[PDB]
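Trainee: Submitted below is the structure of interest, expressed as structure tokens.
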Amino acid sequence: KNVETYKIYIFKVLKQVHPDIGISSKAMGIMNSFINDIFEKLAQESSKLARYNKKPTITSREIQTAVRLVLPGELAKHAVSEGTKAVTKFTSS
Amino acid sequence: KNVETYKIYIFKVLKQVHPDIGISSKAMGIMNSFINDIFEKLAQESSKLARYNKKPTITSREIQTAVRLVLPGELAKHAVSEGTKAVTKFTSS
Amino acid sequence: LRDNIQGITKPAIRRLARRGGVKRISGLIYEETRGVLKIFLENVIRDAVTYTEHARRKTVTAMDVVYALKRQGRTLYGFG
Amino acid sequence: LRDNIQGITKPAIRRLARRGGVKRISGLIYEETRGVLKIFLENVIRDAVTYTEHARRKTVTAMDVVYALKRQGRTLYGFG
Amino acid sequence: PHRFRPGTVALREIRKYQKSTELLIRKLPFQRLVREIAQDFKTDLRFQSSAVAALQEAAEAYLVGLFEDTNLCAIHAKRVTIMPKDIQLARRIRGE
Amino acid sequence: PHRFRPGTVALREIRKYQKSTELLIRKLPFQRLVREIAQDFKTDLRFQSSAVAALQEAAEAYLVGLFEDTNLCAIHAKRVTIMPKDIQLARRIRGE
Amino acid sequence: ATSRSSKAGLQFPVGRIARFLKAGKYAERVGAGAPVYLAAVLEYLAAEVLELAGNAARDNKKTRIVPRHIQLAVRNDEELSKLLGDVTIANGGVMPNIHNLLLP
Amino acid sequence: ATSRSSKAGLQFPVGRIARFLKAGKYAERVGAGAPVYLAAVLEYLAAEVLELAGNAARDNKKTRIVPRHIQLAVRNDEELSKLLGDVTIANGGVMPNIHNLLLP
DNA sequence: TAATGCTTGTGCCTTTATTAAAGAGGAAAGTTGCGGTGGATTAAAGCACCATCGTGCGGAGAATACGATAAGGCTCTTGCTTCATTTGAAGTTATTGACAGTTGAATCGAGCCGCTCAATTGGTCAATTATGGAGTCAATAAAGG
DNA sequence: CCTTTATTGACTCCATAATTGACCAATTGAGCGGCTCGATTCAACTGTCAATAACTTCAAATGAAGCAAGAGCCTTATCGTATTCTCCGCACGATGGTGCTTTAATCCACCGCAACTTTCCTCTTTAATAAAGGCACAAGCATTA
Numbered sequence: 055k056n057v058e059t060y061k062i063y064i065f066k067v068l069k070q071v072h073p074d075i076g077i078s079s080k081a082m083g084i085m086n087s088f089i090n091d092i093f094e095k096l097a098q099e100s101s102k103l104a105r106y107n108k109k110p111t112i113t114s115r116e117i118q119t120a121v122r123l124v125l126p127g128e129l130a131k132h133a134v135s136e137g138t139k140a141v142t143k144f145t146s147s
Numbered sequence: 055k056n057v058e059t060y061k062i063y064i065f066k067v068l069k070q071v072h073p074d075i076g077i078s079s080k081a082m083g084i085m086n087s088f089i090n091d092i093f094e095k096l097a098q099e100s101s102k103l104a105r106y107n108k109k110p111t112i113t114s115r116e117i118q119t120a121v122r123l124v125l126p127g128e129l130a131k132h133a134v135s136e137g138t139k140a141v142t143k144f145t146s147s
Numbered sequence: 022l023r024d025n026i027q028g029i030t031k032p033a034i035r036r037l038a039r040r041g042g043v044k045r046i047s048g049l050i051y052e053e054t055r056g057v058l059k060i061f062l063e064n065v066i067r068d069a070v071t072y073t074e075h076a077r078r079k080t081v082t083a084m085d086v087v088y089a090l091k092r093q094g095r096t097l098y099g100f101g
Numbered sequence: 022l023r024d025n026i027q028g029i030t031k032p033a034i035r036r037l038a039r040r041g042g043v044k045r046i047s048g049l050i051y052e053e054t055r056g057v058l059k060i061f062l063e064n065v066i067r068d069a070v071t072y073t074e075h076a077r078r079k080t081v082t083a084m085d086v087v088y089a090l091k092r093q094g095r096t097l098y099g100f101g
Numbered sequence: 038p039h040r041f042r043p044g045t046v047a048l049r050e051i052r053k054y055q056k057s058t059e060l061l062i063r064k065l066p067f068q069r070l071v072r073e074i075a076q077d078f079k080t081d082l083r084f085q086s087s088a089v090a091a092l093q094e095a096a097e098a099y100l101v102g103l104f105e106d107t108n109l110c111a112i113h114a115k116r117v118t119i120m121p122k123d124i125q126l127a128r129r130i131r132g133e
Numbered sequence: 038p039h040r041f042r043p044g045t046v047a048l049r050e051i052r053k054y055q056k057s058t059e060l061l062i063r064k065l066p067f068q069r070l071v072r073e074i075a076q077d078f079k080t081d082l083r084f085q086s087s088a089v090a091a092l093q094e095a096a097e098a099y100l101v102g103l104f105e106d107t108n109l110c111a112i113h114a115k116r117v118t119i120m121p122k123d124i125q126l127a128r129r130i131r132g133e
Numbered sequence: 015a016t017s018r019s020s021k022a023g024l025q026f027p028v029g030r031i032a033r034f035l036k037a038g039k040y041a042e043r044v045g046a047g048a049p050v051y052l053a054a055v056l057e058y059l060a061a062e063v064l065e066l067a068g069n070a071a072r073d074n075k076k077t078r079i080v081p082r083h084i085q086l087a088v089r090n091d092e093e094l095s096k097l098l099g100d101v102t103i104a105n106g107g108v109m110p111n112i113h114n115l116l117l118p
Numbered sequence: 015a016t017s018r019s020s021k022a023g024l025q026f027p028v029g030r031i032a033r034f035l036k037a038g039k040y041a042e043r044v045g046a047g048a049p050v051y052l053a054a055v056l057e058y059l060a061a062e063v064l065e066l067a068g069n070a071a072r073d074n075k076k077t078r079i080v081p082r083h084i085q086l087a088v089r090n091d092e093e094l095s096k097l098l099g100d101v102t103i104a105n106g107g108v109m110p111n112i113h114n115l116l117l118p
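Residue numbers (PDB author numbering), protein chains in the order written: chain H, 55 to 147; chain D, 55 to 147; chain F, 22 to 101; chain B, 22 to 101; chain E, 38 to 133; chain A, 38 to 133; chain C, 15 to 118; chain G, 15 to 118.
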């Protein structure tokens, strides 16, 4: 079976940030596990948010509130800014 | 709206255990919150158990493993015994 | 509506310490306790206000506080 | 298999303490550390064995250990 | 004038306040403090009374637990008076 | 014969072992211990190698953190030697 | 129309718990035996806590269980205290404990 | 057939994340804008961690990121350390810290 | 300071195995289409949240006398560190075998979805009893003699 | 031990409110039915976990020597504690306004389901070079003088 991971996208981000720095396989796996953990945290938190207000749909608003509740401080603010920028760019095109 | 609670069943259990002892409303609400908390714990743990093994269904086996994983020691042993007794009684008649 | 942290008087801190089993209390314990209480309240109220804001409400309810507490591993019964 | 808890030698405990920044070590630290390590391993292995038993397997995999650790708030990265 | 030797009245207060379930912090100052703190997150907020009551209960329980840990830290160092360094150590070990 | 005064070699070991990522406990004794412990829960268990490796990593990290907390507790009491009471206090505050 | 509760010999609402499990979207399907098991476990836990609380109330020369008795029962039993270590109970108070080194 | 990732100007797989959200049964329905937001947030977090890890690798005078550098980056930043307080990195080592009172 | 042990940091060659790179094809993303179900909008009630006012009384702020607890300094002895010798068990390599995890099908059992119903339970009003409050007595404990 | 005195548990009586009980309805558990899928059992393959043997050699066990750190003891001074006095603002009771929370109805728009295409990512295979390892070497720290 094919195993699905974020290795390609993480490598693309690394090349965007550090053009001349490479990454080992162990660090790649650790980053993949970190991203999976964050994805799961945000998903369960957004599901709880939807359950509390009796809405059957997860929207960008639930994701934004999950980001605010889970990530701390400046990290959460920057994440919210980036997400809002991405959603605006997706909608305006 | 009609609020659904375990007050009646908790009172029946209390009368079964302590015939002459009553319970205040505050203690009844605390017991209700305790039962809701335990229900939610077992439900999410069983959902995770089903997710890990890619089974779309929750059965008595998932509940039993959730009980053995969440409750500690002799409490979990007695809970498992009571659950198995109840399931056998339900199935055998 | 400011400086209400001094509203947590010294006798209140002494009573809270006595409830905890403390026999003698130093002089700087009052300031230290005020600071730590302010930090705790800031965290809990931040989470509760976020929960309230998500539901498009303007009034903070007890359920928001209960959820904010449960997020930090401090589940509280009697307010469900 | 018996008294393999003594397989955690004194130099190993000294190295673990040194990694933690400890400068001097008492004599009973070795027994205390062996006891606490045995308790921790008992808890984690109990949870891992329960996870393995549920899946109707006979071999404990790394994923069971990772789940058992995550159940106790000690998520471990690099074994996914 | 009969004066109790220092320390016995503290022991009586320890015995008495551990027996009771009353809240020790006055309600109105705590309410004002909560409102002031919340003013920095979102202006024009209304508080349901049960929310402030829950906040007071949680804060008092947290402070009692912290003071128990502080007393353990103070006893560990062969003292009976709790000090700021005891609170700092207790919060450091708890991960706060 | 040149002898180092006590404590300097300990400081050098502290500096050296904090720089490395190697596992400090030997693999085979830890594996035997894990199998012995698991024998009490279910007989005839097989262990995947990565499971034992993960167990060793987790146990070593936990012990390092516990020893850091123990060192803080020992320093709090104006000592440099860690003692069993320091470990007991640290575990008590952590809630174990 | 025989209720599943008395069909399985329980006091708790097997049907209500089944509906809660189905509504919570914990899985696409729930077995017929799962709500009975869950109801039995919840009933056992409630009975244990209530029995300890009633004993605590009786030891205090009282007739009605109050939150103080629940807190005392929870903190006097090792298993529940391990299960309920991180729990704050409203109006529960604390267990009376004075360190031996503080005594005169 | 323009991909949603390039439609929103992202590197992460918006489509794959949408499929993950659908499969996880977190809710009955998933909005169209939710996976884009989630992909952007994950991309930002990965970029931040990788930037700090590359910085740590440079200050060590290596040209390859290893778990030690990830551990150092995580423990040298307050926000990530708060987010990753309970997280153990395999082969991560520890931050070199010697207490003042232990020095000669 | 100062010479010297001395362990650690630094510079260079090797290889290898660990990471960068190319391909087949298949597995999943994008598109079109439909439609009903969920979300956004609007009007209205009703209760709940806030601001005002009065008082009066128990709890908080401020001195004051003081004694006992934390802190500093000295001494000692004993427990822990450093060094050296001997050894014994972990580490590495190669081998075998059989047990168990996994994938693929058939399939028969079982749980989801509709419709009815009606019976159990939840909102609302009555109450008397267990507990709260006030007053008094006896028992308990502490402090100076 | 003793005696006085401050403090609290018990005891009793009255108030009170609140927990238990009865009742109307409402909504939901139960029964029957149809039907698609899923989880059980069987089978084979195949991956690897356990057990074996062998050799090396470095890390663990043990013993000596010694020294410095933890603990005990004395002294002091200063700082938290207990008691009293004054006052002040929190708690309780009433009020009145309004805003904002919840509910009901409507409309519209958007996301799930399905089929088809297509193109992107993922095991398998190939290589090339970064770093561990080894070896030689410089250099700042520790130590006794």
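Backbone N, C-alpha and C fix where the C-beta goes; we use that ideal spot for every residue, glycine too.
1. In its own chain, which residues sit with a C-beta less than 7 Å from the C-beta of B:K59, not counting the 5 before and 5 after it?
2. Run through DSSP, which three-state label would E:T118 get?
3. Using the C-alpha atoms, what's the distance from E:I119 back to G:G47?
4. Are the Cβ atoms of H:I75 and G:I79 separated by less than 8 Å?
5. Locate the alpha helix (DSSP H) running through D:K131, then write down its first and last residues.
6. Taking 8 Å as the cut-off, decide whether the C-beta atoms of G:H83 and G:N74 are in contact.
7. Closer than 8 Å by beta-carbon distance: list the chain C residues that pair up with E:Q85, in chain order.
8. Please report the straight-line C-alpha distance between residue 18 of chain H and G:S19, rounded to a whole angstrom.
9. For B:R78, which residues from the same chain have a beta carbon less than 7 Å from its beta carbon, with the 5 sequence-adjacent residues on both sides left out?
10. Please determine, among C:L86, C:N105, C:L97 and C:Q85, the residue with the shortest C-alpha to C-alpha distance to D:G127.
11. Grouping DSSP H, G and I as helix and E and B as strand, with all else coil, what is G:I112?
12. Rounded to a whole number of angstroms, what is the C-alpha to C-alpha distance between C:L115 and G:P118?
13. Would you give the residue range spanned by the alpha helix (DSSP H) that F:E53 belongs to?
14. Have a look at H:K131 and C:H113 and give me their C-alpha separation to the nearest angstrom.
15. Leaving out the 5 sequence neighbours to the left and right, which residues in its chain are closer than 6 Å to E:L82 when beta-carbon positions are compared?
16. Residues in the same chain with beta-carbon distance under 7 Å from C:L66, minus the five sequence neighbours each way, listed in chain order, please.
17. On the three-state DSSP scale, how would you describe G:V80?
18. Give a yes or no on whether the minimum CB-CB distance between G:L115 and chain A is below 8 Å.
19. Rank D:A133, D:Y106 and D:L129 by C-alpha distance to the C-alpha of B:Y88 and give the top, closest one.
20. Buried or exposed, going by whether 16 or more other CB atoms sit within 10 Å of the CB of C:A15?
21. Could you tell me whether any Cβ in chain B is nearer than 8 Å to the Cβ of G:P118?
22. When the Cα atoms are used, what is the spatial distance from B:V43 to E:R131?
23. Within its chain, find whatever has a CB closer than 8 Å to the CB of B:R92; leave out the 5 residues flanking it on each side and keep chain order.
24. Roughly how many whole angstroms lie between the Cα atoms of E:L100 and F:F100?
25. Taking C-alpha atoms, which residue in D:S146, D:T145 and D:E136 lies nearest to C:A53?
26. Can you tell me which of A:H39, A:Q55, A:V89 and A:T80 puts its alpha carbon nearest to the alpha carbon of A:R69?
27. Should E:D123 go down as buried or exposed, given a rule of 16 or more other Cβ atoms within 10 Å for buried?
28. Consider the Cβ of B:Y98: report whether some Cβ of chain G lies at a distance smaller than 8 Å.
29. With a threshold of 8 Å between beta-carbons, can C:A54 be considered close to chain D, or not?
30. Using a Cβ-Cβ cut-off of 8 Å, state whether G:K75 counts as contacting chain H.
31. Please check the pair H:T119 and H:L96, which I expect to be a contact at CB under 8 Å, by giving their CB distance rounded to whole angstroms.
32. According to the neighbour-count rule (16 or more other Cβ atoms, all chains shown, within 10 Å of its Cβ), is C:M109 buried or exposed?
33. How is F:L97 classed by DSSP in three states: helix, strand or coil?
34. At a CB-CB cut-off below 7 Å, which residues of chain E make contact with F:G41?
35. For B:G28 and A:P66, which I take to be in contact (beta-carbon distance under 8 Å), what is that distance rounded to the nearest angstrom?
Mentor: Taking the geometry as given:
1. Here the set comprises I26.
2. DSSP places E:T118 in strand when its eight states are reduced to three.
3. Using only the alpha carbons, I get a separation of about 54 Å.
4. yes
5. Secondary structure note for D:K131: its alpha helix (DSSP H) is the uninterrupted segment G127 to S146.
6. yes
7. None at all; the shortest Cβ gap to chain C is about 16 Å.
8. The structure shown does not extend to residue 18 of chain H, since chain H is modelled only from 55 through 147, so no value can be given for it.
9. Excluding positions up to five away in sequence, the list is empty.
10. C:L97
11. Here G:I112 sits in coil by DSSP.
12. 35 Å
13. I50 to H75
14. 47 Å
15. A75
16. Within the same chain, C:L66 has close Cβ partners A87 and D91.
17. coil
18. yes
19. D:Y106
20. exposed
21. no
22. If I take the Cα positions, the gap works out to 20 Å.
23. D68
24. 20 Å
25. D:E136
26. A:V89
27. Classification for E:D123: buried.
28. yes
29. Yes, C:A54 lies at the interface with chain D (some Cβ there is under 8 Å from its Cβ).
30. no
31. Incorrect: roughly 10 Å between the Cβ atoms, too far for contact.
32. By the neighbour-count rule (16 or more Cβ atoms within 10 Å), C:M109 is not buried but exposed.
33. In the displayed model, F:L97 falls within a strand according to three-state DSSP.
34. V101, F104, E105 and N108
35. 3 Å
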